[PDB]
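In: Quick check, what structure comes out for this input:
(4 chains)
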Amino acid sequence: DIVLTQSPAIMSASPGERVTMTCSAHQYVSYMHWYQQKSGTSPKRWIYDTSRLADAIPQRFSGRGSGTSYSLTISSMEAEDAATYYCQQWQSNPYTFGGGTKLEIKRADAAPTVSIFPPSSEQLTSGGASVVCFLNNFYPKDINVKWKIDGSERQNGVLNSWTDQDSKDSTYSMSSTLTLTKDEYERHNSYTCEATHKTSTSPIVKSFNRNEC
Amino acid sequence: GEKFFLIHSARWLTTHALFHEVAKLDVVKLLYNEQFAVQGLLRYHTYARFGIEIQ
Amino acid sequence: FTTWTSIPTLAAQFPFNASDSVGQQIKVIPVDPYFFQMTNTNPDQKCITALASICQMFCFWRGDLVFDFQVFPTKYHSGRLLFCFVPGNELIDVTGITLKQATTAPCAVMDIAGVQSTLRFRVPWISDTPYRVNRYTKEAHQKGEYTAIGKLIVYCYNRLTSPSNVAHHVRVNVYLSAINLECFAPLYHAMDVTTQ
Amino acid sequence: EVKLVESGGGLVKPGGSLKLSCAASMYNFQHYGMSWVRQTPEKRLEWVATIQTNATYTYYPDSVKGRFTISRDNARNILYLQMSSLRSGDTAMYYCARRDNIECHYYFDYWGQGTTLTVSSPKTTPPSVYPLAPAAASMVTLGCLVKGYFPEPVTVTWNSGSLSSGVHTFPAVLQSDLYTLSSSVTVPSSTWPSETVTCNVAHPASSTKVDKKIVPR
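Out: Residues are numbered from 1 along each chain as shown, chains lettered A, B, ... in the order given. There you are, the coordinates:
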């Protein structure tokens, strides 16, 4: 029936600043309830009716707004909020939730650990191959991955797996799998993946050869 | 009609600075509500005169 | 037989944590003299109340029950509770009644601090029938025969504000007493623990 | 402490039937309304069912009204969510919730660990994990490629957790009716290829443990 709208979709913020997210709706709802979906676990007691925090979380959070806009005021960002948020109504029948607010931690920019690997020899006997380009320890998250394959550029057959932000080093990781057929694999020699960073002007070229070894 | 209705409840914190507006509540409009006992006297009537007792 | 009735006897036990939301239902009391939930491991005995032994030897019961809720706080544990009796029978969806919806029913509030700690809640005789049969003697539900004249939710009316050098929770004993109590149509029945 | 243990889920063909069960722990049962919250991996969330303490009242939304059946029991204190006529719209993670009361509205306090029900009709297939090795540095990030499994629960283990400092296990990517993930482990150069570097992948729905040792090229 009624649909909740969250304006911050994906946000990353440095620890020690003010963060405000907003869940709105097409009509007027009275009170709005929040949750935090951490990785591997379920959401717990997070926020009830308007400004009513949980009794086990720290009190550096706040929640305001009435009618259409509903602000969740964070006083000081810390390193424990790398998760996904949802907003809850209690008016009419479906009891819908928000689209999802993923708040993360902003870090200084770092180059990705790029390691493009050949497929295994047991995979080549099955009639197929998959060139996988590892990506590790990079910020920002949104990064451009392409396949410069003997001068031509093909972005098809690309398996991209995304990670959440780690709790120890606060980084990100990514895979890039180039699934091919065996005779399609055995047409080329150079296998190039590169990643576009905002610090390095040109993308870092890491490649190998098929006929090598 | 003479029975106390919980029309509002809040939770005042430490982070609320001086003269911050914690609650902005309407008196009679929250009294005119279906989940209370005076709805059986105010739905079948239109014009009224009354005195307000806040606790 | 009024000796074992008017004296308040412990019928139930519930704490009051400080980590609960305002209006969360703590424990309902099915309002009858048949109610008890305590037991003992040394000796192995199901703890009856002294009122639950008098009325269990009858079919019908009638009387203005006086619940006595003795909290055990410090002087500084502050906040309030809500003892909202909702009449009728033993089975209605009273858990779906909201806190402000429970302000429509008659009730009472009690500050946890103060100079006293026990509230005597005189339950009115609100029933469709002038008595109430021992349906626990029977083994079947039927519209017309019932066990209780209503239920009594303990709400979280206010939060428990306390420092850290005192406890975070206050336990509440549920004494069972009455006034103007009448029973008739004798029988023999051993009551079972209401497992809430 | 609230211990809500779900039970059920797995591989059910669309149109089939499966019953869930969430057990309560350490708290009273005749007060706290129980619910179910569906956790889809992409979007969400949709709220499905609730029966209250007395079994007279059920509250369903527009979608799942009449197809799902939630039940409660005062003896075992365990839920019973009977599901029928399933499809790809219910292929998600299932949590059981507990609904208590506030002044104007309600709130769900404590949720469970959640079980996985995948609603599609292929057969159960064990995975065929393939190693990934370079064809000369101080920090050589190795890894294995996991592919060949339809049921979602799978676990990659790196030499019984001995190389757990640099494990980056990736989520699965569905392609050609096979979920495909990988795990990039950070192995020092003094260990590989001089010692044992082997990825263990255990798939509990198929109960197959395949060890794949990373070899130099």
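
In: Next, see if the helix or strand harbouring residue D:200 gets close to chain A.
Out: Under the criterion DSSP states H and E, the helix or strand holding residue D:200 is strand D:198-203. No: for strand D:198-203 and chain A, the contact criterion (CB under 8 Å from any CB of the partner chain) is not met; the two come no nearer than 11.7 Å. Quick note: C-beta positions are derived from backbone N, CA and C, even for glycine.

In: Can you tell me the strand partners of that strand and which way each runs?
Out: Take DSSP bridges as the rule and strand D:198-203 pairs in its sheet with strand D:155-158 (antiparallel), strand D:208-213 (antiparallel).

In: how many neighbours does residue 168 have?
Out: Using chain A. Neighbouring residues of residue A:168 were enumerated by other CB atoms under 10 Å in any protein chain shown; the total is 6.

In: let's do chain D instead
Out: Using other CB under 10 Å, residue D:168 has 24 other residues around it.

In: That one and residue D:184 touch, don't they?
Out: Yes: using CB atoms under 8 Å as the test, residue D:168 is close enough to residue D:184 to be in contact (4.6 Å).

In: Identify the contacts common to the two.
Out: Common neighbours of residue D:168 and residue D:184, counting by CB atoms under 8 Å, 6 or more residues apart in numbering or on different chains, are A:136, A:173.

In: just to revisit the earlier point, which of the strands paired with strand D:198-203 sits most buried?
Out: Most buried of those, by mean neighbour count (mean count of other CB atoms under 10 Å in any protein chain shown): strand D:155-158, with a mean of 18.

In: who touches the very next helix or strand once past that strand?
Out: Heading C-terminal from strand D:155-158, the first helix or strand you meet, by DSSP H and E, is strand D:168-169. Contacts of strand D:168-169 from elsewhere in the structure, counted by CB under 8 Å, 6+ apart, are A:136, A:163, A:173, D:156, D:181, D:183-185.

In: hmm, back to that, now do the strand holding residue D:200: distance to the chain's middle.
Out: Relative to the chain's own centre, strand D:198-203 is displaced by 18 Å; criterion: CA atoms, centre = their mean, to the nearest Å.

In: Which of the contacts of strand D:168-169 sits closest to residue D:82?
Out: Nearest to residue D:82 out of the contacts of strand D:168-169 is residue D:181 (CB to CB; 32.7 Å).

In: Adjacent strands (with direction) for the helix or strand harbouring that closest one?
Out: Using DSSP H and E, residue D:181 sits in strand D:178-188. With DSSP bridges as the criterion, the sheet partners recorded for strand D:178-188 are strand D:139-149 (antiparallel), strand D:168-169 (antiparallel), strand D:173-175 (antiparallel).

In: Figure out which of those strands is closest to residue A:49.
Out: Minimum separation from residue A:49 across the strands paired with strand D:178-188 (CB to CB) falls at strand D:168-169, 38.5 Å.

In: How far off centre is the closest one?
Out: Average the C-alpha atoms of strand D:168-169, do the same for its chain, and the two points are 17 Å apart (CA atoms, centre = their mean).

In: For the residue in chain C positioned nearest to chain A, give me its contacts.
Out: Of the residues in chain C, the one nearest chain A is residue C:19, at a distance of 4.0 Å by CB to the nearest CB. Shown here is residue C:19, whose contacts under the criterion CB under 8 Å, 6+ apart are A:55-56, C:168.

In: biggest separation within the contacts of strand D:168-169, which pair?
Out: Looking at the contacts of strand D:168-169 by CB to CB, the two members farthest from one another are A:136 and D:156, with 15.9 Å of separation.

In: Apply the buried test to the contacts of residue C:19 and list what passes.
Out: Listed as buried from the contacts of residue C:19 is no entry at all; burial here means 16 or more other CB atoms under 10 Å in any protein chain shown.

In: would CSV of those with secondary structure and distance to residue A:111 be doable?
Out: What follows is the contacts of residue C:19, written out as CSV (DSSP: H, G, I helix; E, B strand; the rest coil; distance: CB to CB, whole Å):
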residue, secondary structure, distance to residue A:111
A:55, coil, 43
A:56, coil, 39
C:168, coil, 50
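
In: Break the chain into its domains for me.
Out: If you meant another chain, say so; for now it's chain A. For chain A, the structural domains run A:1-107, A:108-210, going by curated CATH domains.

In: was after chain D, sorry
Out: Residue ranges of the domains in chain D are recorded as D:1-121, D:122-215, according to curated CATH domains.

In: can you redo the ones you listed as TSV with distance to residue A:120?
Out: Output for these, formatted as TSV (distance: least, CB to CB, whole Å):
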stretch	distance to residue A:120
domain D:1-121	28
domain D:122-215	5
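
In: wait, isn't residue C:83 in contact with residue C:122?
Out: No: Residue C:83 lies out of contact with residue C:122 (CB under 8 Å); the separation is 11.3 Å.

In: Which one of these two is surrounded by more residues?
Out: With other CB under 10 Å as the criterion, residue C:83 and residue C:122 differ in neighbour count, and residue C:83 comes out ahead with 19 against 13.

In: and the gap between that one and chain B?
Out: In this structure, residue C:83 and chain B are separated by 15 Å, where distance is defined by CB to the nearest CB, to the nearest Å.

In: So residue A:129, which state does it fall into?
Out: Local secondary structure at residue A:129 is given as strand here, using DSSP: H, G, I helix; E, B strand; the rest coil.

In: residues touching it, list them.
Out: In this structure, residue A:129 makes contact with A:119, A:123, A:179-182, A:185, judged by CB under 8 Å, 6+ apart.

In: ok, and the closest non-adjacent residue to the residue of chain B found nearest chain D?
Out: Nearest residue of chain B to chain D: residue B:9, at 5.2 Å (CB to the nearest CB). Leaving out its chain neighbours, the residue that sits closest to residue B:9 by CB to CB, 6 or more residues apart in numbering or on different chains is residue D:103, at 5.2 Å.

In: can you list the residues of chain C near chain B?
Out: Within chain C, the positions lying close to chain B (CB under 8 Å from any CB) are C:22, C:98-101, C:103-104, C:106, C:159.
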